[PDB]
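**Student:** Let me give you the complex in parts, starting here:
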Amino acid sequence: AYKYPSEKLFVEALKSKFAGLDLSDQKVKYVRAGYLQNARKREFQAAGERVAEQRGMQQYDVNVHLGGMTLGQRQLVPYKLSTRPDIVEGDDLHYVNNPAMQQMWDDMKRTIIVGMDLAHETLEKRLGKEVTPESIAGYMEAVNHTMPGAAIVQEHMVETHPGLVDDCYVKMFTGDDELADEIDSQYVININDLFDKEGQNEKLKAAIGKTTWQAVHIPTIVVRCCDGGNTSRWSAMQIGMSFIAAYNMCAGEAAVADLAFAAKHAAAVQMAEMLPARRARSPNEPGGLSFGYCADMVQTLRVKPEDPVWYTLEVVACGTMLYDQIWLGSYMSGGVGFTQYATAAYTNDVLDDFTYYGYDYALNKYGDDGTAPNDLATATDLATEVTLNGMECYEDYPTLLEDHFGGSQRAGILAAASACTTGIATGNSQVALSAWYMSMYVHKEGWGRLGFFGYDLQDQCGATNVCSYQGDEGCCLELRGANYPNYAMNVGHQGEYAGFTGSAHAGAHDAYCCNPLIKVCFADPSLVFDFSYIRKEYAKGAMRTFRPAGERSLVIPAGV
Amino acid sequence: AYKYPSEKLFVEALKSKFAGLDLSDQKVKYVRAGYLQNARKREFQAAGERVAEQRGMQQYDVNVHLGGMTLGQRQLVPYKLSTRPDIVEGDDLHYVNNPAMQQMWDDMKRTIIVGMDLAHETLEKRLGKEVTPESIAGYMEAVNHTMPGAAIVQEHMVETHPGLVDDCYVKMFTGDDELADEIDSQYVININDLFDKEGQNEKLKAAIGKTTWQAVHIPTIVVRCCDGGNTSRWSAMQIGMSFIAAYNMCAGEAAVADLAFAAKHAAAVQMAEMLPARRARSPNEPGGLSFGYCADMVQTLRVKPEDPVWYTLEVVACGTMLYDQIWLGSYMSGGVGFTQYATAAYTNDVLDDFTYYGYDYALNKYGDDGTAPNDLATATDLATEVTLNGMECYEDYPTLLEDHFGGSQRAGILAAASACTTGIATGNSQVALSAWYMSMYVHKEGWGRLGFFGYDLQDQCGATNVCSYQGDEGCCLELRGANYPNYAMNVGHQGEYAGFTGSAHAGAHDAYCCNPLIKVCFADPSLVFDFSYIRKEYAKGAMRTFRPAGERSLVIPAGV
């Protein structure tokens, strides 16, 4: 079993940021260098000079910072992606500057899962058509021509440039191995090959049954021009065109409308539902994303289920970026936004140290993954120990506290380590949720501070709403999400909740948390972003080595 | 006054498409060449070959078209942008392939207008601050540094790359000429310079009064990653940061929340409001765009008000592309979509011929612009004559009927010409609306067809709902939009309604149709898209000579 080592996991990053530093020193010399100390700020200042000259109007200027000081009166320190060798400047993790982060969200937003069984039943009932592997194969060729925006029925149609929509495609998947083996492998997500550890493939096939699904991914450029509400509609239009051609239907008869309703509604599985008026949004936007679905999109669980912590922390990385940086920090606010509120959860191996410490504590006290008692007493023990140890780390290593300089960062990381430890130990997301709130209460009394002004709205509502069963309070964690009322506003929580939702199912040695269709869909390697190793992808984006979809270089000028 | 000439305005485009053709011929030889006739289709086929090889999965292939036939069994004909020399392949007008079209919408979605008076009153009342041209100038510098995503208060902030957000800026505007003159011109929309014809500047300043406004344009890249709901929130965050710095506030005191409510709600003028659940969308999306606002964004009226038809047809070009190609053809559906449903209204000088014919008829019968009787009898006369003349043109010129091959295109163009003629003549949008429905009914009986299966839902509800005053029926045209219930679904109407809403105010020689703030905001030459000549911009996009904002070349790899 896992054994926590003698050197803290965060020490390497500290030594790599501060070569030669005595890590016990509570004091430092401030040189007040300002922005010139930092290559990225200097590059930004020069970029702002060009912007202003080209457009005839002032833009970025570090000297506009208030007080007569530029950024960097203290040292501006870079960030190591956790479990990676890559150290990047902080700005390289801003979502606007990071194409890997943009493409992760675009890959989620442009996806819809659509059942095929109802459509096939419609063809049989209304038209008397026979559906066979041969007819399905013709349909799969049709839908991969039409889905990116190309014509199959009419004359004199104009079409999308195939190179602008190269990321759009459709694959089918099924729990019926006999059907899966008859269709050309280019069109099929192979559950057996992708889910070859701990019998995960059999768990998924049993859960899906002998039903057939299409994983549809519309073009990135489309969701960029438009919104997530485009996705199920775009998918349905081209599914319908493909059924018309593949089954020799009238191109617009009553039965076509049954196919439309099936593909748009009855057999459609959105990533997220709509939101209420104050935060009005179309479907397939982040506020509607449930924590169980977020956890199921991440794929480290199919690669290495024997280390539940790794998958857990990749889910944290996925969720904290999406929910804090893009959703809360952009869709719901904007500006400079919330980069470091999220980086605290996925850089410098800090949450990893605190969580592996807890995993080791729980293994030794309660036993194997997922066997700890599913009760409030166990959540109390694990949360308190994990939180005290983490607070002691921040107290004993001054540059660790300086990394998580904002209390909100500290609160989310200490509570995530607590709740992830509890999830893996008990195998129960709801018990882990009690542990999350306990961490916050413990933290507040130790230091006489917690997070930002409004950090613990959900915190103080939290313990009492874990086990409520009242209409707008009660909800299992897997089905909560960014629209659960107490959670609808604040940084430093949503991605951590997805993380420990994953931790509970990793501790139980499950193949998924909430929806096996989501799990299979996002395992497919034909997606642009690699959902199996989130932090590795973020490093590529920060290093300008991630190629996203959706660019318009094919149809724009260049020139001097 | 205008005199309609001896040669139809659409003849040039016919002769340039078909060199040497006798335009009276009703018959043609079909050669059945298929896709190889057309350079763009051949390029697309080659692009699809690369896509498939690069990803290991079939994508575009012309031979997937049903029937054993590829596109182009007839001749595939290009399109001349109306009033422009540019002739382009039809695919170059698909919104996905045309960056000018994408940037037009992005410029609208990323814009919010925010009053400053309430904010200034808050500073006076709550803090006792004096607001002066000097303090405003400091605020304008602060907001142009912070708006794109840069820091002004905190230490150790990470920021957006200035080059990725070079299109983001804020200008102020005011009807108070003394304040406008005191602020550096780089920060001010100069109403007197931009609106120098027919006293338009004085009309705008009188309507706005001595009130002060900010035109905020957030980064294109942000609305591409997110949605139109991001705009007012992003704007408010950085307005808030800028007031904190410029007025030496506590960086987070109760008064700051009053500034936030002012910027987000009380003094915020969205481009569009939210939509109901079935078509759930954030604010600043096309479904919420009123026809009056769409017409006021187009700026040909400030350039050449003495030709009301030109501005009118630029509005038609703006609206038909946005509402049919992007909104209905993507947000609300998708796929190949609705390019030619819209191109019929802005190519080959067809609508221009039909509308200038009507303008000449009305000038000779009723007199000067805007002076015709505002009654049903007048709408009847103008719509019938314009519709009959246009039908005769389609009957006498077979290649004109071949261009508007779909009944829906013909219906929208005949009715647009009828309604724009009525709007210019009467100066009344609501009377013009009666003329629009009259054209449809005349058309239907002449040819025993109108549009697609569902084209005239609004059509047949239409005459009776022009002058209804019932709750969900009555509405002046300026305030109707793409969420007016009868209008919420169908191509071939929305952009034309925006066009003749513009035609009525052009005929009356007004400076705007619905909101002077929108008018001034979109006159600013610092926007990426040129709102003063829509069809010229579309030609640039179709020719790959339009440079859009929002690309990620600065932070992505290239390589071999």
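**Tutor:** Sure, I can see it. Numbers count the residues shown, from 1 in each chain, chains lettered A, B, ... in the order given.
**Student:** The residue in the stretch 301-450 of chain A that chain B sits nearest to: neighbouring residues, count only.
**Tutor:** Here the stretch 301-450 of chain A gets closest to chain B at one residue, residue A:334, 2.7 Å apart by CB to the nearest CB. From N, CA and C alone the C-beta is placed, and that goes for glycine too. Neighbours of residue A:334 under the rule other CB atoms under 10 Å in any protein chain shown: 23.
**Student:** my guess is it meets residue B:229, correct?
**Tutor:** No: here residue A:334 lies out of contact with residue B:229, judged by CB atoms under 8 Å, at a distance of 10.4 Å.
**Student:** OK, contacts around the residue of the stretch 101-250 of chain A at minimum distance from chain B?
**Tutor:** Scanning the stretch 101-250 of chain A for the residue nearest chain B gives residue A:234, at 2.7 Å (criterion: CB to the nearest CB). Contacts for residue A:234 (CB atoms under 8 Å, 6 or more residues apart in numbering or on different chains) come out as A:147, A:218, A:222, B:330, B:333, B:334, B:335.
**Student:** out of the residues you listed, which is most surrounded?
**Tutor:** residue A:218 (32 neighbours).
**Student:** ok, it to residue A:284 distance?
**Tutor:** Computed as CB to CB, to the nearest Å, the residue A:218 to residue A:284 distance reads 10 Å.
**Student:** So for those two, which residues contact both of them?
**Tutor:** Listed contacts common to residue A:218 and residue A:284 are A:112, A:231; contacts here mean CB under 8 Å, 6+ apart.
**Student:** As chain C, please add this:
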Amino acid sequence: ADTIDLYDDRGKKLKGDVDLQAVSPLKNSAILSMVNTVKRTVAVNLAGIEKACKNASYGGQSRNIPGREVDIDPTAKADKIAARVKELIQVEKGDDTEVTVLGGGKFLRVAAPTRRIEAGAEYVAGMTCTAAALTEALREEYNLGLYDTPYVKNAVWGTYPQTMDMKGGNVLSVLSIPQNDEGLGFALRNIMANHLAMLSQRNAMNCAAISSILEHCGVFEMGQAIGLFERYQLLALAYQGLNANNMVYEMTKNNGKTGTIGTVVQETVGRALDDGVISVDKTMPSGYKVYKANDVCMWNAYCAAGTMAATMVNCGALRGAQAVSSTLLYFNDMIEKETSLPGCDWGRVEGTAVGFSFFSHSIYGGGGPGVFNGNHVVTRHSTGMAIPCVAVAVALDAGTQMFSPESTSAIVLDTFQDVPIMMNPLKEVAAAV
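**Tutor:** One more chain to add, chain C, which I have set with the ones above:
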């Protein structure tokens, strides 16, 4: 069963030994009447209609549609218009339809007949029938025709139906449109704190009552007052909103000259102990005493009364609304520290207050206290035990706010200042028992 003594807004006893159930939203005729009144009553801004038509400013927000002015003067014909509206909306002579001219002709109060609400599914029939009756009355009075009536219609209805609401219109409810509900049962929760302060005429005791009643009516409609939770909610309503046993009034009086949030905490603990609601449970080595609740729902009710009195003492001393967010937070944080018992709504008042403090002192949203309500994403989280304190704080403010009752809700004051349930809610609730 539980009984309470009912006291008025001046601390005088109204009725003794009243069954807790007799103040239930499901049973008390005055509460049921209050709900009916807020559903079916609308304010009409005739001056606003006149201005929109004369200035072609249909839809508001600086809109102007040149050339489309309609020169009509409904404020000068308000009595004739009011009589026509009444004839168009009344179902039967002598029914509960009311149309009253206010402000010398500037406004109408329209109480649509209850039968129109009963015949529908929601509460919107008042707004829609009033808007329709007004549009017809203006068309008739001013001889409007085919092409100008649509513009006048937008003067009344705003941008409806391009928008879901009557945005920029001149028909006003204290409720919002149903589609603005955050969830199931939220319509009576969607009442702006500035409106509540005007309903009460800035009588803070009456504001507590009106707001508490409507909040708990919402909680009942949400399905969150079933079984044991009915007693939990009813005790909070009675003790926090209806001045049960005079506790809110007396605690405020006792702490009004020199008291603070903290002294109100102390008095609440002392009352709970003297009244047997809590007892010493165990004593720690330092001598710190852990308490236990002998009646859990009663302990909550005492904490709710204390939270209210603390608002009255602290915002009353400031004569400023903004301190309500910190009062709700620190009253409950410190009563937990003082007792080791959970605070009001088991942390949900404190949590609401944390986010409410943030969203009333930051860049990100919210505003001053007057813009919040039980349906607001920030302030929805307690089941009715936070917003009544917010509305009271808004009422107590002496002029520190930019978005004040007088600047956002003036027409609500004129519409409801003569309405008996809003003039003396505590007396009307007691009289209905």
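**Student:** again for the neighbour count of residue A:334, chain C present now?
**Tutor:** Here the number of neighbours of residue A:334 (other CB under 10 Å) works out to 24.
**Student:** do you know how far the nearest residue to it once chain neighbours are set aside is from residue B:293?
**Tutor:** Closest residue to residue A:334 apart from its sequence neighbours, by CB to CB, 6 or more residues apart in numbering or on different chains: residue B:234 at 2.7 Å. Between residue B:234 and residue B:293 the distance is 20 Å, computed by CB to CB.
**Student:** same deal with residue A:434?
**Tutor:** 51 Å.
**Student:** More neighbours: the two, which one.
**Tutor:** The neighbour comparison of residue A:434 against residue B:293 (other CB under 10 Å) goes to residue B:293, with 28 against 23.
**Student:** Sticking with that one, tell me its helix or strand.
**Tutor:** Using DSSP states H and E, residue B:293 sits in helix B:291-297.
**Student:** and that helix, how far out from the chain's middle?
**Tutor:** Per CA atoms, centre = their mean, to the nearest Å, the displacement of helix B:291-297 from the mean C-alpha position of its chain is 8 Å.
**Student:** ok, and does whatever helix or strand comes next after it reach over to chain C?
**Tutor:** Reading on from helix B:291-297 to the C-terminus, the next helix or strand found by DSSP H and E is helix B:300-303. No: applying CB under 8 Å from any CB of the partner chain, one finds helix B:300-303 separated from chain C by no less than 12.0 Å.
**Student:** What is the subsequent helix or strand relative to helix B:300-303?
**Tutor:** helix B:308-319.
**Student:** Then residue C:281 would be within a strand, right?
**Tutor:** Yes: assessed with DSSP: H, G, I helix; E, B strand; the rest coil, residue C:281 lies in a strand.
**Student:** extra chain here, label it chain D:
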Amino acid sequence: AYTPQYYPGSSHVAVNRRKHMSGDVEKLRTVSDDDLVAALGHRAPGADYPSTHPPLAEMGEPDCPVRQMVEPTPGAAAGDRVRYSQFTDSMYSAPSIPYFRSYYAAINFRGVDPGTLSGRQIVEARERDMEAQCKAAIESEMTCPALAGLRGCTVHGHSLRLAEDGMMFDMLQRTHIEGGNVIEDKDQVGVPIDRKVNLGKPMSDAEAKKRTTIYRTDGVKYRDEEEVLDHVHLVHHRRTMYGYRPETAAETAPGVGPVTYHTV
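**Tutor:** Chain D, in position alongside the others:
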């Protein structure tokens, strides 16, 4: 009347926390009125208080029973603006911690709007009332002028290593040491002021640890303060229990398990 106990725990840090809550904080230094007004930055020393509304006596008030029994503060009666003081405190054993500054304000002063955050703590009140509250705090043992300071913006520093001279990092350097004393020569939002406000000597490291309310490994270790941990646990448990059902029976509902406490 009820005798408050405020907070559990037996270490000297818990004793200090009860001192801050109860307001029994020692005065350690004197700051003149003019110096403090200059530091706060809302009006010139000696200037009349600006007003946001007329004095209550001049404009009258609504007929409200609460207004009629709650005495306005002096600043409310006068119609002062609501202004603020804001402090940042080092996690290296500053005397004060944010929540306990807010409890000090809420227990001991009338008509106050305190706010707690990790890197800043704010008190908003009518200007003259705010000044009196800030004077009490800044003159008391709640303040070391090296480990704490007035920062209305640009607050970064609470969690950073101290400078070599023991001053908490301030990006705007509103304070510095001269001759052993902390001198403030900018107002709380970073604007230079035309005076040197002498806040006196910083506390020794030993004095700071004797006066601090923070638990940490170099002082009173949090892990050892079992009474505070018990308190936290009791409150969490009872909140969880009553959210399920608000009755004593919930305290042993299935799922509670064998909850246990150190000292009770």
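**Student:** Once more for the neighbour count of residue A:334, now including chain D?
**Tutor:** Count around residue A:334 with other CB under 10 Å applied: 24.
**Student:** Could you pull up the residues touching it?
**Tutor:** So residue A:334 contacts B:149, B:218, B:222, B:230, B:233, B:234, B:235, B:237, B:238 (CB under 8 Å, 6+ apart).
**Student:** re the thing from before, show me what the helix holding residue B:293 is packed against.
**Tutor:** Contacting helix B:291-297 under the criterion 3 or more CB pairs under 8 Å, 6 or more residues apart in numbering or on different chains; DSSP states H and E are the following elements: helix B:308-319, helix B:494-507, helix B:516-523.
**Student:** Could you confirm whether the shortest one reaches chain A?
**Tutor:** Looking back up the chat, that one is helix B:516-523. No: using CB under 8 Å from any CB, helix B:516-523 stays clear of chain A, coming no nearer than 15.7 Å.
**Student:** For chain C, just list every one of the strands.
**Tutor:** Assigned by DSSP state E, the strands in chain C fall at C:3-7, C:13-19, C:41-45, C:98-102, C:107-111, C:171-172, C:278-283, C:289-293.
**Student:** I'd say residue A:259 and residue A:119 touch.
**Tutor:** Yes: here residue A:259 reaches residue A:119: they are 5.3 Å apart, a contact under CB under 8 Å.
**Student:** what's the overlap in contacts for these two?
**Tutor:** Common neighbours of residue A:259 and residue A:119 (CB under 8 Å, 6+ apart) are A:239, A:243.
**Student:** Identify the residue spatially nearest to the residue of the stretch 101-250 of chain D found nearest chain A, adjacent ones excluded.
**Tutor:** Going by CB to the nearest CB, chain A is nearest to residue D:118 of the stretch 101-250 of chain D, at 2.5 Å. Take residue D:118 and drop its neighbours on the chain: the residue closest to it by CB to CB, 6+ apart is residue A:407, 2.5 Å away.
**Student:** Much appreciated, bye for now.
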